[PDB]
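Each of two forms of one protein chain follows alone as structure tokens, named structure 1 and structure 2.
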Structure 1
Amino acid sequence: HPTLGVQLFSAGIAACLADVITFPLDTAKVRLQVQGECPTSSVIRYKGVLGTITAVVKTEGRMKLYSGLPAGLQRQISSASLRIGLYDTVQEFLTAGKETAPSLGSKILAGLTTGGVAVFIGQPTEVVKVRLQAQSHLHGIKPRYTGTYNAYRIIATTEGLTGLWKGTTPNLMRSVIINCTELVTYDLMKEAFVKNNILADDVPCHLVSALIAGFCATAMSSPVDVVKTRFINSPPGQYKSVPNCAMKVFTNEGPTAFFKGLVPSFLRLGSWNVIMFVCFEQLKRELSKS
């Protein structure tokens, strides 16, 4: 069994590979989520994952897809390394105290613990990454930062170190929703297939149940995700609170605006998780043998 150090290193590497592979999906989701906030005089409107990716590439370059990528990698190395490598230690701490099989509640609690700690640790990375992903020279809003470390230095010296933890509570909420929805939905669909005999217990049942659970988690966390992105991206003073941002999104843009960038979000969640899981298991076994 892999050591906790091997687990942390493997989770960090796997998360970094997944993040670098799926980063354009993240950029597309962010650009779709901040699209209707400020009206644009430009004719460049983003629609769909492919349309958004192509629009960004052709109006502002390939590299603008990977804007804030070092912040995303730092987010992996700290936040996701912790959240994925500590999950088994926490889950053993909970279930093995009484020699228990991992219940749904045990999984929910372990995931909530690891995800909350990871969110708090890596919020600065999330702030910098979102603000770099959302910034453009085309839509009349002046970019504030030239890069990841420039954004770090500017936010730290103009908004305070607390300004690097902006949007933590919406991010915590999104993490709670994603975790609970994914686990509950996965077990519910696994049973639903097993008792209505829709699929038997090879891999495809697990895989289809994972697909539905991921989509349901993305859909349930989409309103919080949109509000989080827009609140984190906003400069100080624009929104007096996170609920203030949500209320303005509701009154000025309607309910569907709470599902902006849902398709890129779901594609990133699914692809990121698949790539990360494959690389993580491979790294754990490949290191832990040698």
Structure 2
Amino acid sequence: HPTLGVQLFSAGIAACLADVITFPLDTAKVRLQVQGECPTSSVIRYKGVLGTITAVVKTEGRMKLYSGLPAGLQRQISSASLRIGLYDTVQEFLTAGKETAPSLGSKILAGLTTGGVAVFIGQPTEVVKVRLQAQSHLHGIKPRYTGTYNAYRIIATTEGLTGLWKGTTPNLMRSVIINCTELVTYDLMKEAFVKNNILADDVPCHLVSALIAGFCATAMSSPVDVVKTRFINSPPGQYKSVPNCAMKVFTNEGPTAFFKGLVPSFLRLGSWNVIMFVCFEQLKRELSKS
């Protein structure tokens, strides 16, 4: 039974490793999501996961896939440590307050509490990362930043510290949607599998249900995710509000534009969760018995 320090460090390392491994998927998702917002005179058009990744690699370099990676890693540290700490102090509290089972509702409550605090803590990282991922020299929009820390310094000096928390409420709404949809869909699909006994309750049912629940969460949070990416990436004054950005997306690009980057998003989610789970378990066991 690992100590708190082992949990914190293993969560940080596993989350950071999954982040560096699956970061090109996130960059592809951001590129697909900001595509269509502004017309481009270049022939470069992003379509698909491999298509977007290869287009970015061949027109901007391999290093452009990891644009904003230090921001992503800082978030991962904050989110992983905060997840462990608040998981303890909130879920133990929920189970011990009335002495009941770890229901679904308690999992929603703890997940939203932890995710809200994590979103607020890591919003500046996420703003910097989205802006660095979205910026390009090919589509007529001048890049604002040279790198992560340049982006921090410029945004803080020319937009205020509040400017580092732009898009906090879309991020929060998306985190709520992902958490609730994953939990509900996973439980429903598993107990649908079992209420029939369609598949064996070993790992494969869990894998299938987590796959389906992750896709369902990605699809449910995709409109919020596209609007969040476009709003956060936007310079001050372009969008009066977040619903203003959503309404412009709807009127000028329609409903399918709310699902841009859906395949990269789902692949990013699934692969990141798998990598972090395996790495986190291995690190916990190793530091528990090194």
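Numbering runs along the sequence of structure 1, starting at 1. Here the rigid core means the biggest group of C-alpha atoms that line up within 1.5 Å when the two forms are laid on top of each other.
Core-based superposition between the two structures shows that, of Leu86, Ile212, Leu164, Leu109, only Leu86 has its Cα displaced by 2 Å or more. For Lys142, a C-alpha deviation below 2 angstroms is recorded between the two structures after rigid-core alignment. Annotation for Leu188: C-alpha shift under 2 angstroms between the two structures, rigid core superposed.
With the core held fixed between the two structures, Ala96 has its Cα displaced by at least 2 Å. Once the core of the two forms is superposed, the Cα of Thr40 has moved 0.5 Å between the two structures. The Cα position of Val6 changes by 2.2 Å between the two structures once both are aligned on the rigid core. Lined up on the core, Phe277 has its CA atom moved by 1.1 Å between the two structures.
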